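What follows is one structure encoded as structure tokens, with my remarks underneath.
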Amino acid sequence: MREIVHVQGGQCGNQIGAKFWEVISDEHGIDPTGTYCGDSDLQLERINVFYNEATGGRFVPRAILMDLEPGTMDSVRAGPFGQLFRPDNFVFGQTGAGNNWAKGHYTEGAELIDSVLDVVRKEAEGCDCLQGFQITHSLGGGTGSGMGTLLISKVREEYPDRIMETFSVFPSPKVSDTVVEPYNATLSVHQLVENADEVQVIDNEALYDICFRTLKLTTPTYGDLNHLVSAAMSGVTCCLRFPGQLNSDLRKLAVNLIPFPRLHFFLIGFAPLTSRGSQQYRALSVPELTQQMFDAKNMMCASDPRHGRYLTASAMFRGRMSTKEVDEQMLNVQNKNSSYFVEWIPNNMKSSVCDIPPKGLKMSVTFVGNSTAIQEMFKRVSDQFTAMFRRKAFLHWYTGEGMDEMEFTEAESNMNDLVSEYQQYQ
Amino acid sequence: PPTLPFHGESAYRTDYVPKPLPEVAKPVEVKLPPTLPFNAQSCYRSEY
Ligand SMILES: Nc1nc2c(ncn2[C@@H]2O[C@H](COP(=O)(O)OP(=O)(O)O)[C@@H](O)[C@H]2O)c(=O)[nH]1
């Protein structure tokens with residue numbers, strides 16, 4: 001009865017959500033030809049959230065593939081699980097957005113946005129009531145930051161009631177690429193503060209941090225760290241997709257995690273995770289998932305939760321478990337670690353229980369929390385932005401294609417006051 | 001007098017020959033974990 005429409009923009013966005021449709025497929029028994037194998041009532045009764053029928057029995061994903069190049073959307077199509085998406089929902093664009101935010105937002109992305117908005121209006125409005133939109137993009141390039149936020153602006157005015165959950169990938173600046181990361185990041189943040197209900201902040205360095213000091217991988221590749229993101233994307237909408245003892249919804253997360261509308265930037269994480277020679281050494285109980293869901297490194301953003309306070313927090317447990325432990329462990333972290341938890345909200349925790357655990361595992365859990373330590377991400381991009389800005393850095397591309405100087409100062413204002421608003425509640 | 005016959009072959013004429021094409025045939029064959037069979041065996045039949 002409720003549908004999530006996934007729109008993926010950018011090279012980062014298309015590759016992450018290709019893993020997302022791969023993990024949703026085997027959570028739902030979908031073969032990469034559309035056929036469904038394996039017999040279970042629960043794996044199809046709520047598949048309308050992510051798949052539609054095709055009068056051939058083919059379950060087709062709600063994917064609105066987008067990038068301003070015939071590049072990674074060719075590799076997504078040619079790879080495994082690439083025949084699922086409609087060839088119609090593959091809007092190409094041939095001019096190219098070269099890591100420039102104004103390219104996707106103003107001067108090349110404005111002539112293809114009228115087609116991807118037509119596609120998403122054909123595919124999302126043609127039902128009784130859609131639950132919301134799920135947008136996957138990186139705010140580091142030109143396509144995800146530029147075209148992604150342009151569609152975000154147009155969707156929030158056409159549907160100013162639905163939930164837009166955005167798994168944004170902020171530029172992690174300690175080790176990174178492209179020299180225009182602070183320009184593309186800050187020029188998108190001052191839009192995501194208004195017209196975006198939820199923004200889950202993801203940094204690549206934290207994905208390497210899990211891949212090095214939790215999974216003990218040899219060579220963490222882009223596919224492995226896109227798999228960890230798709231774990232969190234599937235885990236948040238678990239109750240929307242399967243029955244449970246304590247069901248939830250994306251609006252239940254929104255109303256229990258947003259004290260004020262501007263503060264909606266969440267730290268995400270997901271860990272019943274373990275190394276290769278330790279799953280047969282490590283147990284599995286609610287306290288053990290709890291202690292690896294607050295700790296330091298399970299966060300997929302490079303922001304230490306100890307360097308701040310939790311305004312509010314939520315926990316999406318999955319699988320067969322006792323309802324006493326899922327309540328008592330959130331109490332136990334609340335009263336033991338009280339410094340990293342605000343007081344003007346008492347009892348800052350939501351728990352919610354799915355009954356169907358993910359494939360292979362016995363129980364999993366995903367964190368989404370509104371920690372005020374997210375100020376150190378906007379500060380770590382602002383101090384790079386003002387460094388370039390004082391001597392008028394790589395800018396004649398941005399100004400030459402139709403941006404005045406006031407847009408950049410307005411970018412600094414709405415992101416400096418975001419840090420200041422997080423200061424008042426820390 | 002003889003003619004010193006022109007031995008010579010440019011960069012563009014020497015230093016590449018057609019390589020063999022790379023041998024690529026490997027998909028990601030993933031064995032699906034079977035759906036774990038479900039008894040959160042419900043209330044009516046469970047106690048009465
Ligand atoms: N997680 C992830 N990040 C990516 C991937 N490809 C590129 N990135 C990151 O995205 C940034 C470049 O932006 P990108 O989305 O590729 O450019 P765009 O296509 O113009 O939007 C770089 O800092 C990369 O680290 C990917 O497949 N997965």
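Residue names in the structure tokens use chain letters A, B, ... in the order shown, residue numbers from 1 in each chain, and ligand numbers from 1 in the order shown.
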
- Nearby residues, ligand 1, 8 Å, only C-alpha atoms and all ligand atoms, as a PyMOL selection string: chain A and resi 9-16+67-69+97-100+137-146+169+171-172+176-178+181+204+222-223+225-226+229

- Message: Excluding residue 243 of chain A and its own-chain neighbours fewer than 3 positions away, which residues fall within 9 Å of it when counting only C-alpha atoms? Please give them as a count of residues only.
- Response: 10

- Message: So that I can see what lies close to residue 34 of chain B, please list as a list in words the residues with an atom at most 10 Å from it, counting only C-alpha atoms and leaving out residues fewer than 6 positions away in the same chain.
- Response: residues 26, 29, 37, 38, 39, 359 and 360 of chain A

Would you save the residues of that selection, restricted to N, CA and C atoms, as an mmCIF file, in the first residue's frame?
```
data_model
loop_
_atom_site.group_PDB
_atom_site.id
_atom_site.type_symbol
_atom_site.label_atom_id
_atom_site.label_comp_id
_atom_site.auth_asym_id
_atom_site.auth_seq_id
_atom_site.Cartn_x
_atom_site.Cartn_y
_atom_site.Cartn_z
ATOM 1 N N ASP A 26 17.913 -10.243 -3.183
ATOM 2 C CA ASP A 26 18.043 -11.514 -2.479
ATOM 3 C C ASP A 26 17.406 -11.494 -1.095
ATOM 4 N N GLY A 29 14.088 -12.794 -2.726
ATOM 5 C CA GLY A 29 14.114 -13.943 -3.607
ATOM 6 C C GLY A 29 14.138 -13.646 -5.090
ATOM 7 N N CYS A 37 12.270 -17.054 -6.946
ATOM 8 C CA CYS A 37 12.524 -18.428 -6.535
ATOM 9 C C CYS A 37 12.568 -18.505 -5.016
ATOM 10 N N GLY A 38 12.202 -19.661 -4.471
ATOM 11 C CA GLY A 38 12.143 -19.830 -3.017
ATOM 12 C C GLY A 38 10.733 -19.483 -2.585
ATOM 13 N N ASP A 39 10.167 -20.317 -1.718
ATOM 14 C CA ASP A 39 8.750 -20.218 -1.373
ATOM 15 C C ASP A 39 8.570 -19.597 0.013
ATOM 16 N N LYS A 359 19.518 -11.914 5.399
ATOM 17 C CA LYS A 359 19.900 -13.216 4.874
ATOM 18 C C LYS A 359 21.198 -13.695 5.509
ATOM 19 N N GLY A 360 21.194 -14.930 5.971
ATOM 20 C CA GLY A 360 22.346 -15.503 6.656
ATOM 21 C C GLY A 360 22.438 -15.222 8.142
#
```

- Message: Using only C-alpha atoms, I'd like every residue of chain B that has an atom within 10 Å of chain A; please write them out as a count of residues only.
- Response: 13

- Residues at most 12 Å from residue 59 of chain A, counting only C-alpha atoms, excluding those fewer than 4 positions away in the same chain, as a list in words?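 Near residue 59 of chain A, the qualifying residues are residues 21, 24, 25, 28, 29, 30, 31, 32, 33, 34, 35, 36, 37, 44, 47, 48, 49, 50, 51, 52, 53, 54, 55, 83, 84, 85 and 86 of chain A.
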
- Neighbours of segment 193-198 of chain A within 10 Å (only C-alpha atoms; same-chain residues fewer than 5 positions away dropped), as a VMD selection string? chain A and resid 134 149 152 to 157 160 to 168 188 250 to 251 253 to 254 257 to 258 261 to 266 414 to 415 418

- Message: Quick check, in Å to one decimal: how far apart do atom CA of residue 133 of chain A and atom CA of residue 7 of chain A lie?
- Response: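 Spanning atom CA of residue 133 of chain A to atom CA of residue 7 of chain A is a straight-line distance of 7.5 Å.
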
- Rank A:388, A:127, A:135, A:381 by their smallest atom-to-atom distance to residue 8 of chain A, using only C-alpha atoms, and report the top residue only.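 Among the listed residues, A:135 lies closest to residue 8 of chain A.
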
- Item | All strand (DSSP E or B) residues (DSSP, backbone) inside segment 83-298 of chain A, as a ChimeraX atom specification | /A:90-91,132-138,163-170,198-203,246,265-270

Next, write the just-selected residues to a file, as a PDB file, in the first residue's frame, keeping N, CA and C atoms as the atom set.
```pdb
ATOM      1  N   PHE A  90      16.425   5.088 -17.591  1.00  0.00           N
ATOM      2  CA  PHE A  90      17.870   5.183 -17.770  1.00  0.00           C
ATOM      3  C   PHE A  90      18.233   6.483 -18.469  1.00  0.00           C
ATOM      4  N   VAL A  91      17.730   7.609 -17.957  1.00  0.00           N
ATOM      5  CA  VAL A  91      17.918   8.899 -18.619  1.00  0.00           C
ATOM      6  C   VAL A  91      19.404   9.251 -18.658  1.00  0.00           C
ATOM      7  N   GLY A 132       7.148   7.689   0.086  1.00  0.00           N
ATOM      8  CA  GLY A 132       8.134   8.738  -0.065  1.00  0.00           C
ATOM      9  C   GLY A 132       9.166   8.371  -1.107  1.00  0.00           C
ATOM     10  N   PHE A 133      10.226   9.172  -1.130  1.00  0.00           N
ATOM     11  CA  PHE A 133      11.319   9.022  -2.076  1.00  0.00           C
ATOM     12  C   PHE A 133      12.596   8.685  -1.324  1.00  0.00           C
ATOM     13  N   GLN A 134      13.456   7.898  -1.959  1.00  0.00           N
ATOM     14  CA  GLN A 134      14.777   7.564  -1.444  1.00  0.00           C
ATOM     15  C   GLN A 134      15.808   7.992  -2.478  1.00  0.00           C
ATOM     16  N   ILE A 135      16.670   8.936  -2.115  1.00  0.00           N
ATOM     17  CA  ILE A 135      17.629   9.516  -3.047  1.00  0.00           C
ATOM     18  C   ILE A 135      19.026   9.118  -2.601  1.00  0.00           C
ATOM     19  N   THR A 136      19.828   8.611  -3.531  1.00  0.00           N
ATOM     20  CA  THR A 136      21.208   8.228  -3.256  1.00  0.00           C
ATOM     21  C   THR A 136      22.133   9.022  -4.164  1.00  0.00           C
ATOM     22  N   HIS A 137      23.048   9.777  -3.564  1.00  0.00           N
ATOM     23  CA  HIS A 137      23.958  10.627  -4.319  1.00  0.00           C
ATOM     24  C   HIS A 137      25.134  11.001  -3.432  1.00  0.00           C
ATOM     25  N   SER A 138      26.183  11.520  -4.064  1.00  0.00           N
ATOM     26  CA  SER A 138      27.342  12.059  -3.367  1.00  0.00           C
ATOM     27  C   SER A 138      27.405  13.560  -3.589  1.00  0.00           C
ATOM     28  N   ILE A 163       8.068  11.952   2.434  1.00  0.00           N
ATOM     29  CA  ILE A 163       9.370  11.904   3.087  1.00  0.00           C
ATOM     30  C   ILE A 163      10.443  11.660   2.037  1.00  0.00           C
ATOM     31  N   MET A 164      11.402  12.576   1.933  1.00  0.00           N
ATOM     32  CA  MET A 164      12.603  12.339   1.140  1.00  0.00           C
ATOM     33  C   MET A 164      13.741  11.952   2.070  1.00  0.00           C
ATOM     34  N   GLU A 165      14.102  10.676   2.048  1.00  0.00           N
ATOM     35  CA  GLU A 165      15.279  10.182   2.739  1.00  0.00           C
ATOM     36  C   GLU A 165      16.447  10.161   1.766  1.00  0.00           C
ATOM     37  N   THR A 166      17.511  10.886   2.099  1.00  0.00           N
ATOM     38  CA  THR A 166      18.645  11.042   1.194  1.00  0.00           C
ATOM     39  C   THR A 166      19.887  10.452   1.846  1.00  0.00           C
ATOM     40  N   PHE A 167      20.403   9.371   1.264  1.00  0.00           N
ATOM     41  CA  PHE A 167      21.663   8.772   1.696  1.00  0.00           C
ATOM     42  C   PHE A 167      22.815   9.498   1.003  1.00  0.00           C
ATOM     43  N   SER A 168      23.027  10.738   1.433  1.00  0.00           N
ATOM     44  CA  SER A 168      24.066  11.579   0.861  1.00  0.00           C
ATOM     45  C   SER A 168      25.442  11.078   1.269  1.00  0.00           C
ATOM     46  N   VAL A 169      26.406  11.241   0.373  1.00  0.00           N
ATOM     47  CA  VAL A 169      27.793  10.882   0.631  1.00  0.00           C
ATOM     48  C   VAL A 169      28.585  12.185   0.648  1.00  0.00           C
ATOM     49  N   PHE A 170      28.814  12.709   1.847  1.00  0.00           N
ATOM     50  CA  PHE A 170      29.582  13.927   2.013  1.00  0.00           C
ATOM     51  C   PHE A 170      31.044  13.687   1.645  1.00  0.00           C
ATOM     52  N   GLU A 198      15.085  13.886   5.652  1.00  0.00           N
ATOM     53  CA  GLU A 198      16.130  13.133   6.327  1.00  0.00           C
ATOM     54  C   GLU A 198      17.367  13.120   5.449  1.00  0.00           C
ATOM     55  N   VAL A 199      18.531  13.338   6.054  1.00  0.00           N
ATOM     56  CA  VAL A 199      19.810  13.270   5.352  1.00  0.00           C
ATOM     57  C   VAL A 199      20.724  12.380   6.180  1.00  0.00           C
ATOM     58  N   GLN A 200      21.010  11.182   5.684  1.00  0.00           N
ATOM     59  CA  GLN A 200      21.962  10.300   6.343  1.00  0.00           C
ATOM     60  C   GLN A 200      23.357  10.574   5.801  1.00  0.00           C
ATOM     61  N   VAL A 201      24.232  11.080   6.657  1.00  0.00           N
ATOM     62  CA  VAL A 201      25.565  11.501   6.253  1.00  0.00           C
ATOM     63  C   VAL A 201      26.462  10.278   6.176  1.00  0.00           C
ATOM     64  N   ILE A 202      27.083  10.076   5.016  1.00  0.00           N
ATOM     65  CA  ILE A 202      27.992   8.963   4.779  1.00  0.00           C
ATOM     66  C   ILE A 202      29.321   9.534   4.309  1.00  0.00           C
ATOM     67  N   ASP A 203      30.412   9.063   4.893  1.00  0.00           N
ATOM     68  CA  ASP A 203      31.747   9.464   4.480  1.00  0.00           C
ATOM     69  C   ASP A 203      32.516   8.233   4.045  1.00  0.00           C
ATOM     70  N   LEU A 246       7.199  -4.930  16.742  1.00  0.00           N
ATOM     71  CA  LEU A 246       7.056  -3.493  16.965  1.00  0.00           C
ATOM     72  C   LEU A 246       7.375  -2.810  15.641  1.00  0.00           C
ATOM     73  N   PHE A 265      20.275  15.783  10.206  1.00  0.00           N
ATOM     74  CA  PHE A 265      21.442  15.149   9.595  1.00  0.00           C
ATOM     75  C   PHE A 265      21.915  14.043  10.533  1.00  0.00           C
ATOM     76  N   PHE A 266      21.752  12.797  10.107  1.00  0.00           N
ATOM     77  CA  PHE A 266      21.936  11.651  10.981  1.00  0.00           C
ATOM     78  C   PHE A 266      23.253  10.929  10.743  1.00  0.00           C
ATOM     79  N   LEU A 267      23.796  10.389  11.829  1.00  0.00           N
ATOM     80  CA  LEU A 267      24.882   9.428  11.772  1.00  0.00           C
ATOM     81  C   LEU A 267      24.273   8.042  11.628  1.00  0.00           C
ATOM     82  N   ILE A 268      24.691   7.317  10.602  1.00  0.00           N
ATOM     83  CA  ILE A 268      24.144   5.996  10.333  1.00  0.00           C
ATOM     84  C   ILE A 268      25.222   4.956  10.602  1.00  0.00           C
ATOM     85  N   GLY A 269      24.789   3.743  10.930  1.00  0.00           N
ATOM     86  CA  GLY A 269      25.698   2.636  11.157  1.00  0.00           C
ATOM     87  C   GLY A 269      24.921   1.342  11.166  1.00  0.00           C
ATOM     88  N   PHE A 270      25.644   0.231  11.063  1.00  0.00           N
ATOM     89  CA  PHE A 270      25.024  -1.085  10.965  1.00  0.00           C
ATOM     90  C   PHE A 270      26.063  -2.135  11.298  1.00  0.00           C
TER      91      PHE A 270
END
```
